[PDB]
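To start, the structure itself, in structure tokens.
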Ligand SMILES: *C(=O)[C@@H](Cc1ccccc1)C(=O)O
């Protein structure tokens with residue numbers, strides 16, 4: 133059953149106080165009021181909490197589908213974000229690359245949220261010629277791991293999730309993508325049109341996937357890893373002080389893993405037998421440029437940092453075919469890019485996509501500047517409903533000072 137059900141009963145209850153402090157206090161008060169009043173409907177308490185109390189500096193929220201569920205959450209409630217700053221905070225979207233896609237992702241939002249449903253539906257129809265199948269099959273029923281559809285499923289999930297949040301009035305002041313997430317960022321930023329981008333991203337993935345090679349993620353500083361490379365190897369990404377990835381010919385990768393083992397450096401072979409962001413891709417760069425030439429590229433209407441330089445993208449870069457070729461061939465400078473994003477805006481960091489991979493990289497790179505981070509979709513494995521994870525994200529965004537995030 134993926135028939136539309138609409139919104140369910142799940143609501144977000146906001147609580148604000150003036151002290152760290154009184155916040156805990158009122159959250160218990162509200163719980164005591166709720167169990168001691170069987171007249172009260174979640175319905176009305178949610179409304180009253182918005183209209184009949186000011187939005188103060190110290191905030192928390194709970195999510196609930198019924199009053200006993202809310203009572204228990206309000207008991208356990210502990211403030212999770214710092215008090216709202218005096219100016220409303222900036223919001224950044226972090227768009228993951230491949231590696232956390234799974235069959236079933238967002239199926240709860242597809243059944244509950246009509247913007248999410250329409251965006252997926254629209255992307256599936258656009259993509260049917262390039263893909264050769266209905267994307268919703270890969271999204272919700274079955275997919276070949278590492279296939280073109282599996283990667284397009286992640287792209288559309290990211291885009292549908294971003295549009296859903298913006299429909300709530302959470303619009304990003306800045307964007308950063310990792311690898312494939314940079315295309316999602318470009319579409320959200322106005323650099324590309326999602327309709328033209330869908331088939332081009334699809335053919336991009338085929339051209340990369342069929343170039344062979346291998347990719348190893350290494351849990352170490354890039355400075356530690358650099359001396360061990362290596363003919364036949366490229367530094368594929370620099371992600372955080374304890375994360376980088378190396379790609380190249382399979383034999384060169386095998387050797388690197390042997391020398392990494394001998395020095396006690398932890399690593400993991402990535403599933404995908406591809407070698408994105410490495411010399412292995414040279415034979416297909418010009419053909420891929422041919423596909424890039426069919427896009428209408430425009431300067432970004434929302435600023436974003438590119439992985440190419442680890443800095444804000446210039447209008448000349450965003451609109452240059454050769455820069456996008458570089459984005460595919462060159463190191464993903466995410467750790468730098470996340471520092472550039474932080475220095476300017478100091479924004480709330482909202483991961484748009486399944487899991488928390490960029491959130492962990494941000495925490496490692498931005499230690500100990502204290503970023504507030506928000507996560508938006510569960511790991512494959514997690515037992516929470518998609519609608520709950522999203523209601524929590526929005527409550528948390530409101531608690532941090534993004535007032536428009538609170539629904540209704
Ligand atoms: C990064 O996200 C990377 C993902 C990918 C796609 C196809 C084959 C290997 C790796 C990318 O899109 O450049």
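Residue numbers (our numbering): 133 to 540.
For every residue, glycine included, the Cβ atom is placed at its ideal position computed from N, Cα and C.
- By alpha-carbon distance to residue 520, the top candidate from 441, 133, 447, 238 is 238.
- The DSSP assignment places complete alpha helix (DSSP H) segments of no fewer than 4 residues inside the stretch 202 to 260 at 239 to 244, in order along the chain.
- Residue 508 has its Cβ no nearer than 7 Å to any heavy atom of ligand 1.
- A contact between stretches requires three or more CB pairs, one per stretch, nearer than 8 Å, and the stretch 422 to 436 meets this requirement with the stretch 289 to 308.
- The secondary-structure analysis by DSSP pairs residue 365 across a beta bridge with 380.
- As the crow flies, the alpha-carbon of residue 208 is around 10 Å from that of residue 156.
- Between residue 408 and residue 342, the C-beta gap is not smaller than 8 Å, which leaves the two residues out of contact.
- Residue 177 carries a helical assignment under DSSP once its states are collapsed to helix, strand and coil.
- Distance between residue 197 and residue 522, taken at the CA atoms: about 14 Å.
- Residue pairing for residue 481: DSSP places it in a beta bridge opposite 224, 505.
- In this model, residue 192 and residue 148 are separated by some 7 Å (Cα to Cα).
- Per DSSP, residue 428 lies in no beta strand (DSSP E) and is assigned neither H nor E.
- Of the heavy atoms belonging to ligand 1, at least one sits nearer than 7 Å to the Cβ of residue 229.
- Looking at the backbone, the Cα of residue 245 and that of residue 299 are separated by about 11 Å.
- Annotated three-state conformation of residue 146 is strand, per DSSP.
- Contact between residue 425 and residue 453 holds: their C-beta atoms lie close to 6 Å from each other, under 8 Å.
- The stretch 491 to 505 and the stretch 173 to 189 do not touch, with fewer than three beta-carbon pairs separated by less than 8 Å.
- In this structure, residue 341 has its beta carbon less than 7 Å from a heavy atom of ligand 1.
- Per DSSP, residue 285 is one residue of the alpha helix (DSSP H) stretching across 280 to 299.
- The beta carbons of residue 534 and residue 213 sit no closer together than 8 Å.
- Contact between the stretch 479 to 489 and the stretch 212 to 230 is present, with at least three C-beta pairs closer than 8 Å.
- A check of alpha carbon separations from residue 354 across 384, 325, 398, 323 identifies 398 as the nearest.
- Rounded to whole angstroms, the separation of the alpha carbons of residue 235 and residue 138 is 22 Å.
- Within the stretch 317 to 377, the complete alpha helix (DSSP H) segments at least 4 residues long are 326 to 341, 354 to 357, listed from N- to C-terminus.
- Take the alpha-carbon of residue 189 and the one of residue 181: they are about 15 Å apart.
- Of the candidates 362, 314, 328, 296, 328 places its Cα closest to the Cα of residue 262.
- Apart from sequence neighbours up to five positions away, the residues of its chain that approach residue 351 with a beta-carbon distance below 6 Å are 374, 398, ordered along the chain.
- The nearest non-hydrogen atom of ligand 1 is 7 Å or more from the C-beta of residue 196.
- A straight-line Cα-Cα distance of about 15 Å links residue 387 and residue 377.
- Where residue 399 is concerned, the enclosing beta strand (DSSP E) starts and stops at 399 to 401.
- Here the stretch 332 to 348 lies against the stretch 407 to 421, with 3 or more beta-carbon pairs under 8 Å apart.
- Per DSSP, reduced to three states, the secondary structure at residue 441 is coil, with no helix or strand assignment.
- By the neighbour-count criterion, in which a residue is buried when 16 or more other Cβ atoms sit within 10 angstroms of its Cβ, residue 395 is exposed.
- Shortest gap from the CB of residue 283 to any heavy atom of ligand 1: under 7 Å.
- Rounded to whole angstroms, the gap between the alpha carbons of residue 317 and residue 290 is 9 Å.
- Cβ neighbours of residue 278 within its own chain (closer than 6 Å, five residues either side excluded): 404.
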